[PDB]
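Written below as structure tokens is the structure these notes are about.
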Amino acid sequence: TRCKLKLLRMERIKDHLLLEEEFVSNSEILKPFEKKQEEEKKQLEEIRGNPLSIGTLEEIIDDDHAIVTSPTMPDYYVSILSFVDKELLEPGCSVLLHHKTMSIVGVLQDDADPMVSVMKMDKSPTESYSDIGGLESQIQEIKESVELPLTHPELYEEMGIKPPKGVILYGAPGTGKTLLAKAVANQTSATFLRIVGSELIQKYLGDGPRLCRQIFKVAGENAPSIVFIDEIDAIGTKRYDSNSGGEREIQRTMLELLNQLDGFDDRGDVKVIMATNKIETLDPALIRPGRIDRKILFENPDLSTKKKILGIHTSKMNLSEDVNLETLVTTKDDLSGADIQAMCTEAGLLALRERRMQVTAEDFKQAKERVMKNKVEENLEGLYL
Amino acid sequence: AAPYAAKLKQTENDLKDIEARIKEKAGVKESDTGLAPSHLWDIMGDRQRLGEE
Amino acid sequence: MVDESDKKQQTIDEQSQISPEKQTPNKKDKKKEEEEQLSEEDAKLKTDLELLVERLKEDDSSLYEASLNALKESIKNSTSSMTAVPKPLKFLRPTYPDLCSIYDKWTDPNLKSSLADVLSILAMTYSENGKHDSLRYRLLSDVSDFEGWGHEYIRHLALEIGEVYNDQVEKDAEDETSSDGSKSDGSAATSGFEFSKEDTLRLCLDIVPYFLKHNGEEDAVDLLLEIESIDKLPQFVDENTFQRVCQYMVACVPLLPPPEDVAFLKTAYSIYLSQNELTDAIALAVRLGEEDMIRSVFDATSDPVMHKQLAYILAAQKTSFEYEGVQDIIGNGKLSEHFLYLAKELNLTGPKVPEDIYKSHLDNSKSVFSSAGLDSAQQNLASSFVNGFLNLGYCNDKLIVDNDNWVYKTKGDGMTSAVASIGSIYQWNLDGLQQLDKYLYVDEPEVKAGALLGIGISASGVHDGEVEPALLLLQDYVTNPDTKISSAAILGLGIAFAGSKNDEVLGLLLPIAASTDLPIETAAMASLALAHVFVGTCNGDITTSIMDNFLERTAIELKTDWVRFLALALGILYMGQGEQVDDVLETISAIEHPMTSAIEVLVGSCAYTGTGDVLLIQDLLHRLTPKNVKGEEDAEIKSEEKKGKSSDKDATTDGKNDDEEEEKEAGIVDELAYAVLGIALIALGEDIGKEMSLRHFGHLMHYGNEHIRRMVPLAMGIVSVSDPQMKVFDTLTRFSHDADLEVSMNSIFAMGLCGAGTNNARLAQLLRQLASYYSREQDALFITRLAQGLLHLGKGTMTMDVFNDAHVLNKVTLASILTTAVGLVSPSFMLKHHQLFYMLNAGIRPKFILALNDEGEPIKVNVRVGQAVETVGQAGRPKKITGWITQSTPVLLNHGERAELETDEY
Amino acid sequence: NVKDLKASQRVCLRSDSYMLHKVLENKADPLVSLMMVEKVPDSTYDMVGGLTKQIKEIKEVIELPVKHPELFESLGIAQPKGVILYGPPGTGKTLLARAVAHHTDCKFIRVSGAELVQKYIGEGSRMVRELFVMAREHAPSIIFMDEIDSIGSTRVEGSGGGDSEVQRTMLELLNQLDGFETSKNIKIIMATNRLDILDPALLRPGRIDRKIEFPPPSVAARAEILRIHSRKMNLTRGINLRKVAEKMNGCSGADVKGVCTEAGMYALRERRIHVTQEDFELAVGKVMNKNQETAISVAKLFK
Amino acid sequence: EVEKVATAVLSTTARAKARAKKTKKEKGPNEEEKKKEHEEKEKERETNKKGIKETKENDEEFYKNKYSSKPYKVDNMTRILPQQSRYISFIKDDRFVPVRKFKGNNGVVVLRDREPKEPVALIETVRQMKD
Ligand SMILES: Nc1ncnc2c1ncn2[C@@H]1O[C@H](COP(=O)(O)OP(=O)(O)OP(=O)(O)O)[C@@H](O)[C@H]1O
Ligand SMILES: Nc1ncnc2c1ncn2[C@@H]1O[C@H](COP(=O)(O)OP(=O)(O)OP(=O)(O)O)[C@@H](O)[C@H]1O
Ligand SMILES: [Mg+2]
Ligand SMILES: [Mg+2]
């Protein structure tokens, strides 16, 4: 009761106080608009107008001009104007152009895009280490590479060799590499960007690369950082049609990424996580073996590993008092944690069907039967017998 | 259920205040892009615009 | 439910659900006719009680309402509660729930109001019997389960709470008010409260904080001591008992103003003292800040045991932990008197042993330099200070200093501050004095002065046990009549001893700080030093400081800088007290001038601290007034006005910081905003006011200990690159420092962008450079907090020099001051009798889960990390001991305290 | 005002400066246009004959997460992230998804064929992806994204194909639905013929949740599928319903249906409305002809 | 301007409430012990006054009579809406009495003075002032 009362005390005074102070201040600001303010705001409206077209700043030409590229097909040679200068701008930033007569009249976007929103995240990851529990040895390759130079780059300097640089998560589906990427980045204490490489594919021209470029700019501000480009396999090498194409932009995007690996300065402070199904789902043209460092090879859980994984799942599962963990493990042979996840859910479905609260051991066998069903192999006793 | 329910009513006032602040704030929208030395820029800028290039 | 008569006992219960026949007709008639039948009623009381118990399980409103309807009438209508005197009194036990059934089970607004008053009266009268206590008890520990009792019992408890609160708000008190109709005190309800407290402490937690808070007396609290100290181990463990006591204090700290707030926490200290753990005792004794309470716990281990034992070692450790050094002075000399061993004991209390442990930590952390290579002009000056800022605490960078090339290229005020920065390399270290000495005996007076500042910084870690005190060196320099020499000397003395008000240190500083007739700008240091000395302990509000401030105002007003520093010095002096500071506000205000009004708003913050909410609103009306007066009209002066405006802004922030740490527990997320709305307002409204509020904001965060450290400094920073005064960045970085390489990860890029990008003045550049190096210490070597760390509600004494400097426009003279930045936190290590320098294991957890404590006692689950790690800052602060895993029992409980671990292995 | 304006609010605009007119709480999507012609199904559990096991499984699958997402979680675990229908053609799986959705009371949109087909307001290479969004808007909604599959084994290897990428992207999205407005209330019912010709991202068991094989119908099931068409037609004289069922059993609910129509060719000619045993004997002989001829070549002249 | 500052004071007191319940118990005695502001009743506080500049007319309740039937004195040289003119009657108590009957309409009306030899103030026309 009293633990409530104390929190109640603090939280009421801080919130309430603030509301009254905000409420008064909106009036105290607006009443005087004399002198500097009125003049400033007025000029800014006049130079501007309505509507304002989004633009992008490709480059600055050193004579108070710039080259800009519009969302309309044309591109344009414009003057730099207003309160926003070329010192205050930087290339690759989204800028406000006045519709009628193209000139930079301002900025309010400041390099905010619908791709920029998805990439952003400066908060800690959701999973912490061994949520993600187990593939411990796999973590004991990712952590080496990813956690350790950020934490102390010192170690490598005393060792006398270049730091690690990136990691390639590759190998078996269903081992959770898409989850694992999260687990590590929490432990280190760093900022975690996440972007899906499918959204760097565009049917518009020059847009593909702009989206790749935004990532490393952001990464450098919030350094140390771990950047997860989820599914570099999905840029892949694929083709939509070959009679109207779609397979040009794929290359230009892939290329823009290979360059900023090394080319965003030789640092292990701009780490990358590339998750891929296999390497031969990527463009075969590649950067050299040390530039990406260690390639992390996921393989099937062994007998011990899938006890761990199974155990995690079933704790969450309610009303299973007739299930014993070991016996599940005996009947099954080696399989992903993916299929354990499914078996546990299929076992709730069966027991819900029957209308019985309990979940049996017997129940689980029926679920094994369903998952294993179309994996059957009779050429096993074709060789053996 | 006295020990939490009495005092819960008091917290609901606190949640309501957390609702009130966000809207109270959002009512006031103003710019300026750049700083004071770039307010000079516009007086010039008017001219360089009326000229065509 | 339906009536089924008397066929069996089961159906008797169903019969009385609709209409009782053994509680309504029979009894009613019986009471209203014969009085021989009083004897039959007495036996039937027991039967009636049982029928309530059986039907407690039934929850429906209708079948309690109607059933006991005519009994509720009978109280005044037929029985009149005095037709047989004793007999209705002792038969009030079944009739009391009947009244509650119309209060709580049925809601009829007219009767619910009216019968609240009736319930209070009859509760009091029946608690004479002591059977009203037993009535409460059968519902408190329950016999049956229903939603109903859980809502009912409360109403009884609330009667007591109602009256007692009201006797303070309304002065008339007692039963003169008809809101309860029950007397406030007297030996009929007092015995009721004691008995009630007993049952509700065991099973609940309810009325126990309410009662203490309700008497308004420390006496209420001292009754609590008695009952709890019995409970300390047999009823439940030590730990559980502690969470009850310290939460009263953290929880009923609030809505206590000063004289009460000290008096309630006295009792809590005493409860801890009585119980097994003296470890809980020391933490609360530090809190109060009274000399008296510190001595009692130290004495309790030291004096009774003749043998050295564990006891002498433990005493020394406990006092060592405060790096204010207030405990250090007091505890010393008892060790000498007893004389088992002088040598081990004296050293261990002193901050001399803290020097040695730092070397072990440093070995892990190594050295990485990153200092600026720039030379020539003001860029030379920038780089040489920056070297000291990166090597804060004990570090070895001897060879770079010994290259006297860059040293001699500093000029002017730069020379003084260059020598001062060298001293911070050997901050908290005995050796380093050698480098300072060379310069001190040669060249111009400027290097002589800077040497003295550096001695100050170095002497921080060694000034106790009469082993090279700062006093010894610096006394000679005070004697020397040159102003630069003397001013530098007394600044360094104040820093080194910190909160220690030793006789030699204090009494040197006692005749002086009383000349301000002669116009000297750098005589700010006169009062400034003395103010610093005073903090960390209860304050006399010294007559030396108060006199000289007034005298300065009489003499001069030309040197605006001088009087601004002086004003702050008074407000910092009074820190460590608040009760006595109410008096001195009036004393200052006696003499009135507009110039004097500037001093007043500062001192208001300290006086009202630990209840400031009258203070908060005040410091906002003050802001308003310049603009406001002009508003009305629309539809020598220079010095006085400027002092006026600036003081208020500083005061607003200072008030805020102390409050959010101490009273209430939660609000720390918002205050950072209480400021933002202040800043936003000011930027449009007053051009001049905006300048002051920028600099204050950074120290708002550092003092207040905000939870969020990623978003808010960085976002504010971008707006503030632009705005004049690059000193904004220095103030942000002192917060951002945190656990190094977590917060400060973002910070180096963010501050570095504006600095590297823009060069348009080497003056502007200098502030930006210093800020960047401050933020990082290589590899979490040490952390800086404003807070003690021993208490997270606490506040330091060494960090007050940091807090001072953000009130003025940046100056080269100010750069000399900024070299000082002391405030070290020690890394914990498990000690042995041979003084083991390694910790075994610890649990760290970013966020406490416990919601019995706000401070949050560390969880026992945690996440495990290795040996010999620094005590992590925010997002790591709850720390639990893994040492239990080794058959080792901590002697000194550590919750994320500064305090070094100590273990006893079996 | 900026107060009225939220993010993801569709707004009307002018051509002379694009100044606002009115808020719209309507949404014009390529998905909406496909729904709009088709409208709701008329199917019910008994419009579809037989498939006894299949009906009972899929009630638990489709209905119960929608109505009680918490019950589904409490007794068992998790939520379904999908449903995949497969089996031989003609089994009436398309007809099943229509049937169950009627009772579910949600907007059965369907979506026919490949979804690269939109190109006349812009390409179909991101209306797969954004389908997540469109479906969310029209809550509570059931998406029958159908694609019978003819992509083969070729692009299973790798994860090749640009169609497969976009589908993959939607699936990566697809997880988020259990979290983006809490639990599931929108069912993603996919329908394909087999697991061999399938796309790579949909491939592995339980990768899009729920793998349900639809059996070819039993004799008892064939007889029930026959049962319902008989009422619709004129009821047989002599109850010769069992004759058809014994004589052959199909691999499809389509073969059963094929008898009904075949039977009415012969009755029509004879100029007798009522179906008879003789009309039946001709009708089962015609439908079995197709099958006997391919079965005599492995029944005779073999090794 | 008035409302801006009246709302200021009131809102601050409301926020302070939650801390204030327990403060208020200590506050009572400390006024008896130390000193008081200028009053010894309660502690009573400020309230602030708001700005109201306009004193509006209500509407009639009687449309059947908008002219009652009660007497009221109406001065000569005043606004005279044609409804009033019907009930104007010149009184005999004065010297001044109409030469004929009064029209029941507004206008220039000439009266017979029975005593013009007694001083009565007279109202000068514009033209008279200028002479
Ligand atoms: N270490 C783990 N502990 C707990 N659950 C796990 C763990 N590893 C994987 N799982 C479970 O298996 C699921 C599948 O993992 P995930 O989605 O990361 O696959 P993937 O290997 O990236 O495949 P793809 O090749 O399709 O990208 C997880 O969502 C989680 O439920
Ligand atoms: N159970 C049934 N009852 C009645 N008619 C049936 C049944 N099942 C299928 N049919 C008939 O067979 C026709 C074809 O079935 P439908 O096209 O729905 O098959 P499917 O199994 O979903 O195939 P695909 O592999 O082409 O996606 C239906 O239009 C209907 O006339
Ligand atoms: Mg994946
Ligand atoms: Mg189909």
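Residue numbering restarts at 1 for every chain of the structure tokens, chains are lettered A, B, ... in their displayed order, and ligands are numbered from 1 as they appear.
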Can you tell me, as a ChimeraX atom specification, what residues are no more than 7 Å from segment 103-109 of chain E when counting only C-alpha atoms, ignoring any on the same chain fewer than 6 positions away?
/E:80,82,85-86,88
Could you write out that same residue set with N, CA, C and O atoms as a PDB file, in the first residue's frame?
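Resulting contents of again16.pdb:
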```
ATOM      1  N   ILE E  80     -37.845  59.300 -27.857  1.00  0.00           N
ATOM      2  CA  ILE E  80     -39.189  59.024 -27.702  1.00  0.00           C
ATOM      3  C   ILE E  80     -39.558  58.173 -28.907  1.00  0.00           C
ATOM      4  O   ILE E  80     -39.657  58.754 -30.011  1.00  0.00           O
ATOM      5  N   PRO E  82     -42.104  55.783 -31.017  1.00  0.00           N
ATOM      6  CA  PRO E  82     -43.556  56.105 -31.163  1.00  0.00           C
ATOM      7  C   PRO E  82     -44.587  55.381 -30.202  1.00  0.00           C
ATOM      8  O   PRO E  82     -45.609  55.993 -29.956  1.00  0.00           O
ATOM      9  N   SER E  85     -45.310  57.650 -27.197  1.00  0.00           N
ATOM     10  CA  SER E  85     -45.925  58.952 -27.496  1.00  0.00           C
ATOM     11  C   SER E  85     -47.430  58.878 -27.162  1.00  0.00           C
ATOM     12  O   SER E  85     -48.028  59.837 -26.726  1.00  0.00           O
ATOM     13  N   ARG E  86     -48.088  57.708 -27.370  1.00  0.00           N
ATOM     14  CA  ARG E  86     -49.470  57.434 -27.140  1.00  0.00           C
ATOM     15  C   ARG E  86     -49.858  57.632 -25.704  1.00  0.00           C
ATOM     16  O   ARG E  86     -50.913  58.175 -25.448  1.00  0.00           O
ATOM     17  N   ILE E  88     -47.997  59.549 -23.597  1.00  0.00           N
ATOM     18  CA  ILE E  88     -47.489  60.859 -23.043  1.00  0.00           C
ATOM     19  C   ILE E  88     -48.766  61.620 -22.787  1.00  0.00           C
ATOM     20  O   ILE E  88     -49.610  61.836 -23.688  1.00  0.00           O
TER      21      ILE E  88
END
```
Dump as a Markdown table the rows for residues of chain D within 8 Å of ligand 4: closest atom pair and distance in Å with one decimal, only C-alpha atoms and all ligand atoms counted, ordered by chain and rising residue number.
```
| residue | atom | partner | partner_atom_place_in_ligand_line | distance |
| --- | --- | --- | --- | --- |
| D:89 | CA | ligand 4 | 1 (Mg) | 6.7 |
| D:90 | CA | ligand 4 | 1 (Mg) | 7.0 |
| D:91 | CA | ligand 4 | 1 (Mg) | 7.8 |
| D:92 | CA | ligand 4 | 1 (Mg) | 6.2 |
| D:93 | CA | ligand 4 | 1 (Mg) | 5.4 |
| D:94 | CA | ligand 4 | 1 (Mg) | 4.1 |
| D:95 | CA | ligand 4 | 1 (Mg) | 7.3 |
| D:148 | CA | ligand 4 | 1 (Mg) | 7.3 |
| D:191 | CA | ligand 4 | 1 (Mg) | 7.2 |
| D:192 | CA | ligand 4 | 1 (Mg) | 7.8 |
| D:193 | CA | ligand 4 | 1 (Mg) | 7.9 |
```
Residues within 12 Å of ligand 3, counting only C-alpha atoms and all ligand atoms, as an MDAnalysis selection string:
(chainID A and resid 169:182 196:197 228:234 274:278 338) or (chainID D and resid 168:169 171:173 175 201 207)
Got a sec to check which residues lie within 9 Å of ligand 2, using only C-alpha atoms and all ligand atoms, and send them as a PyMOL selection string?
chain D and resi 46-51+85-97+146-149+191-194+214+217+221-222+224-226+228-229+252-258
Take the residues from that selection and write them out as a short mmCIF file (atom, residue, chain, number, x, y, z; two decimals), in the first residue's frame, keeping C-alpha atoms.
```cif
data_model
loop_
_atom_site.label_atom_id
_atom_site.label_comp_id
_atom_site.auth_asym_id
_atom_site.auth_seq_id
_atom_site.Cartn_x
_atom_site.Cartn_y
_atom_site.Cartn_z
CA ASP D 46 -23.64 -27.77 -46.34
CA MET D 47 -23.16 -26.22 -49.75
CA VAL D 48 -19.93 -28.20 -49.72
CA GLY D 49 -20.71 -31.98 -49.30
CA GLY D 50 -18.45 -34.47 -47.43
CA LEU D 51 -14.84 -33.63 -46.31
CA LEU D 85 -4.71 -25.48 -48.18
CA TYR D 86 -3.40 -28.17 -50.48
CA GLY D 87 -4.65 -31.37 -52.03
CA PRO D 88 -5.72 -32.68 -55.40
CA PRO D 89 -7.77 -30.36 -57.77
CA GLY D 90 -11.49 -30.49 -57.64
CA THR D 91 -11.64 -31.23 -53.92
CA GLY D 92 -13.28 -27.91 -53.41
CA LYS D 93 -10.83 -26.19 -51.27
CA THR D 94 -11.61 -22.89 -52.89
CA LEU D 95 -15.27 -23.64 -52.02
CA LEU D 96 -14.24 -24.43 -48.45
CA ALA D 97 -12.56 -21.12 -47.78
CA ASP D 146 -4.68 -17.59 -54.03
CA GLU D 147 -1.85 -18.74 -56.26
CA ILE D 148 -2.26 -22.42 -57.42
CA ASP D 149 1.49 -22.64 -58.10
CA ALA D 191 -4.20 -22.04 -51.18
CA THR D 192 -1.85 -23.94 -53.47
CA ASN D 193 -2.08 -27.32 -55.07
CA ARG D 194 1.15 -28.97 -53.71
CA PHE D 214 -7.18 -32.51 -48.07
CA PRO D 217 -13.12 -38.51 -50.75
CA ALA D 221 -18.10 -39.05 -48.43
CA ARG D 222 -18.86 -39.53 -52.17
CA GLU D 224 -22.89 -37.52 -49.04
CA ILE D 225 -21.57 -35.27 -51.86
CA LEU D 226 -24.12 -37.07 -54.07
CA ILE D 228 -27.17 -32.90 -51.79
CA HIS D 229 -27.22 -32.74 -55.56
CA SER D 252 -12.27 -35.25 -56.46
CA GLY D 253 -15.67 -33.87 -55.42
CA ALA D 254 -15.72 -32.81 -59.07
CA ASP D 255 -16.10 -36.37 -60.38
CA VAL D 256 -19.22 -36.84 -58.19
CA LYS D 257 -20.65 -33.60 -59.50
CA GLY D 258 -19.81 -34.83 -63.10
#
```
Tell me the residues of chain D close to chain B, meaning within 12 Å using only C-alpha atoms, as an mmCIF file with N, CA and C atoms, in the first residue's frame.
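Below is the file part_6.cif, written as the result:
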```
data_model
loop_
_atom_site.group_PDB
_atom_site.id
_atom_site.type_symbol
_atom_site.label_atom_id
_atom_site.label_comp_id
_atom_site.auth_asym_id
_atom_site.auth_seq_id
_atom_site.Cartn_x
_atom_site.Cartn_y
_atom_site.Cartn_z
ATOM 1 N N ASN D 1 -7.561 21.360 -38.940
ATOM 2 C CA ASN D 1 -6.484 21.967 -38.176
ATOM 3 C C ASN D 1 -5.445 20.857 -38.151
ATOM 4 N N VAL D 2 -4.259 21.151 -37.608
ATOM 5 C CA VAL D 2 -3.210 20.071 -37.416
ATOM 6 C C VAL D 2 -3.686 19.105 -36.342
ATOM 7 N N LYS D 3 -4.568 19.595 -35.457
ATOM 8 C CA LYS D 3 -5.270 18.836 -34.462
ATOM 9 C C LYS D 3 -6.128 17.729 -35.033
ATOM 10 N N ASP D 4 -6.917 18.002 -36.061
ATOM 11 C CA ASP D 4 -7.843 17.026 -36.752
ATOM 12 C C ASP D 4 -6.965 15.977 -37.492
ATOM 13 N N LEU D 5 -5.888 16.404 -38.147
ATOM 14 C CA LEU D 5 -4.987 15.623 -38.946
ATOM 15 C C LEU D 5 -4.161 14.696 -38.096
ATOM 16 N N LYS D 6 -4.257 13.393 -38.419
ATOM 17 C CA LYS D 6 -3.471 12.332 -37.883
ATOM 18 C C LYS D 6 -2.711 11.871 -39.094
#
```
Exercise: residue 899 of chain C partners within 7 Å, only C-alpha atoms, chain neighbours under 3 positions left out, as a list in words:
residues 321, 790, 828 and 894 of chain C
Write out as a list in words the residues lying within 7 Å of residue 34 of chain B, counting only C-alpha atoms and excluding same-chain residues fewer than 2 positions away.
residues 83 and 84 of chain A; 32 and 38 of chain B
Skip residue 309 of chain A itself and residues of its chain fewer than 2 positions away, then list as a PyMOL selection string all residues within 8 Å of it, counting only C-alpha atoms.
chain A and resi 133-134+305-307+311-313+337+340
With only C-alpha atoms counted and 9 Å as the cut-off, give the residues of chain C in contact with chain B, each with its shortest interatomic distance in Å and the pair that gives it, as a tab-separated table.
```
residue	atom	partner	partner_atom	distance
C:147	CA	B:1	CA	8.0
C:148	CA	B:1	CA	8.9
C:149	CA	B:1	CA	8.7
C:150	CA	B:1	CA	5.1
C:151	CA	B:1	CA	5.3
C:152	CA	B:1	CA	8.8
C:153	CA	B:2	CA	8.4
C:154	CA	B:2	CA	6.1
C:155	CA	B:2	CA	8.9
C:204	CA	B:3	CA	8.4
C:205	CA	B:3	CA	8.2
C:206	CA	B:3	CA	6.3
C:722	CA	B:35	CA	6.9
C:723	CA	B:35	CA	8.3
```
Tell me which protein, DNA and RNA residues are within 10 Å of segment 218-220 of chain A, counting only C-alpha atoms, leaving out same-chain ones fewer than 4 positions away, and put them as JSON, numbers by chain.
{"A": [116, 119, 120, 122, 191, 192, 193, 213, 214, 224, 225, 226, 227, 264, 269, 270, 271, 272], "C": [746, 749]}
Selected residues written out, N, CA and C atoms, as a compact mmCIF listing (two decimals), in the first residue's frame:
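Once everything was written out, this is selection.txt:
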```
# COMPACT_ATOMS: atom_id res chain seq x y z
N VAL A 116 13.50 5.91 -43.75
CA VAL A 116 14.33 6.43 -42.66
C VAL A 116 13.69 6.03 -41.31
N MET A 119 14.17 2.25 -40.55
CA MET A 119 15.61 1.94 -40.20
C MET A 119 15.80 2.36 -38.76
N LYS A 120 15.28 3.58 -38.42
CA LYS A 120 15.51 4.17 -37.09
C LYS A 120 14.95 3.26 -36.04
N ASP A 122 17.08 3.35 -31.96
CA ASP A 122 18.29 3.82 -31.18
C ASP A 122 18.09 3.30 -29.83
N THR A 191 23.75 1.12 -30.17
CA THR A 191 22.51 1.41 -30.87
C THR A 191 22.32 0.41 -31.99
N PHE A 192 21.08 0.05 -32.21
CA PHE A 192 20.74 -1.02 -33.06
C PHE A 192 19.76 -0.47 -34.12
N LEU A 193 20.27 -0.31 -35.31
CA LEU A 193 19.47 -0.03 -36.49
C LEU A 193 19.01 -1.32 -37.02
N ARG A 213 22.57 4.60 -49.01
CA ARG A 213 23.48 5.68 -48.52
C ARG A 213 23.07 6.23 -47.18
N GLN A 214 21.71 6.44 -46.88
CA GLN A 214 21.07 7.00 -45.67
C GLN A 214 21.49 6.24 -44.41
N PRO A 224 29.01 4.15 -31.15
CA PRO A 224 28.90 2.78 -31.65
C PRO A 224 27.56 2.20 -31.89
N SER A 225 27.49 1.39 -32.89
CA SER A 225 26.30 1.00 -33.56
C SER A 225 26.62 -0.33 -34.10
N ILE A 226 25.52 -1.12 -34.22
CA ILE A 226 25.46 -2.38 -34.91
C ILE A 226 24.34 -2.24 -35.81
N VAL A 227 24.54 -2.46 -37.10
CA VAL A 227 23.54 -2.30 -38.13
C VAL A 227 23.24 -3.61 -38.59
N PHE A 264 33.40 3.24 -45.80
CA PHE A 264 32.93 4.12 -44.72
C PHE A 264 33.92 4.08 -43.64
N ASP A 269 33.22 -0.14 -35.84
CA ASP A 269 32.51 0.79 -35.03
C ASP A 269 31.32 1.09 -35.81
N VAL A 270 31.40 0.62 -37.12
CA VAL A 270 30.41 0.59 -38.13
C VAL A 270 30.26 -0.80 -38.53
N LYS A 271 29.83 -1.61 -37.53
CA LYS A 271 29.58 -2.99 -37.74
C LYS A 271 28.25 -3.13 -38.51
N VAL A 272 28.23 -4.27 -39.23
CA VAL A 272 27.17 -4.79 -40.09
C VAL A 272 26.96 -6.22 -39.65
N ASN C 746 27.35 8.31 -28.03
CA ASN C 746 26.65 9.24 -28.89
C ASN C 746 27.25 10.61 -28.82
N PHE C 749 30.53 12.00 -30.88
CA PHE C 749 30.25 12.36 -32.25
C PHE C 749 29.48 13.66 -32.30
```
List as a PyMOL selection string the protein and nucleic acid residues near residue 254 of chain A, meaning an atom at most 10 Å away when only C-alpha atoms are counted, but skip any in the same chain fewer than 3 places from it.
chain A and resi 200-201+208-209+212+232+235-237+249-251+257-259+282-283+285-286
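When DSSP reads the backbone of this structure, the residues of segment 28-145 of chain D it assigns to strand (DSSP E or B) are residues 83, 84, 85, 86, 107, 108, 111, 141, 142, 143, 144 and 145 of chain D.
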Restricting it to N, CA and C atoms, dump the selection as a tab-separated table (two decimals), in the first residue's frame.
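Saved file out.tsv follows:
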```
chain	number	residue	atom	x	y	z
D	83	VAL	N	-2.60	-20.35	-42.61
D	83	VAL	CA	-3.35	-21.60	-42.95
D	83	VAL	C	-2.95	-21.88	-44.41
D	84	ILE	N	-2.59	-23.15	-44.80
D	84	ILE	CA	-2.16	-23.43	-46.17
D	84	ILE	C	-3.07	-24.61	-46.56
D	85	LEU	N	-3.86	-24.44	-47.64
D	85	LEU	CA	-4.71	-25.48	-48.18
D	85	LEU	C	-4.02	-26.13	-49.32
D	86	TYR	N	-3.96	-27.48	-49.31
D	86	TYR	CA	-3.40	-28.17	-50.48
D	86	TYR	C	-4.07	-29.52	-50.57
D	107	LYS	N	-14.95	-10.09	-44.17
D	107	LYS	CA	-14.89	-9.70	-45.49
D	107	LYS	C	-13.99	-10.67	-46.15
D	108	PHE	N	-14.53	-11.69	-46.79
D	108	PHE	CA	-13.86	-12.63	-47.65
D	108	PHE	C	-13.55	-11.95	-49.02
D	111	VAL	N	-8.65	-12.81	-53.86
D	111	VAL	CA	-7.59	-12.23	-54.60
D	111	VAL	C	-7.21	-13.45	-55.37
D	141	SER	N	-11.16	-8.83	-41.59
D	141	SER	CA	-11.03	-9.11	-42.99
D	141	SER	C	-10.32	-10.42	-43.15
D	142	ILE	N	-10.70	-11.26	-44.20
D	142	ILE	CA	-10.04	-12.53	-44.49
D	142	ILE	C	-9.54	-12.42	-45.93
D	143	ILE	N	-8.24	-12.70	-46.07
D	143	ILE	CA	-7.54	-12.58	-47.37
D	143	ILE	C	-7.35	-13.98	-47.86
D	144	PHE	N	-7.97	-14.20	-49.09
D	144	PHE	CA	-7.83	-15.43	-49.77
D	144	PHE	C	-6.90	-15.05	-50.90
D	145	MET	N	-5.59	-14.89	-50.65
D	145	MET	CA	-4.52	-14.73	-51.60
D	145	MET	C	-4.34	-16.13	-52.05
```
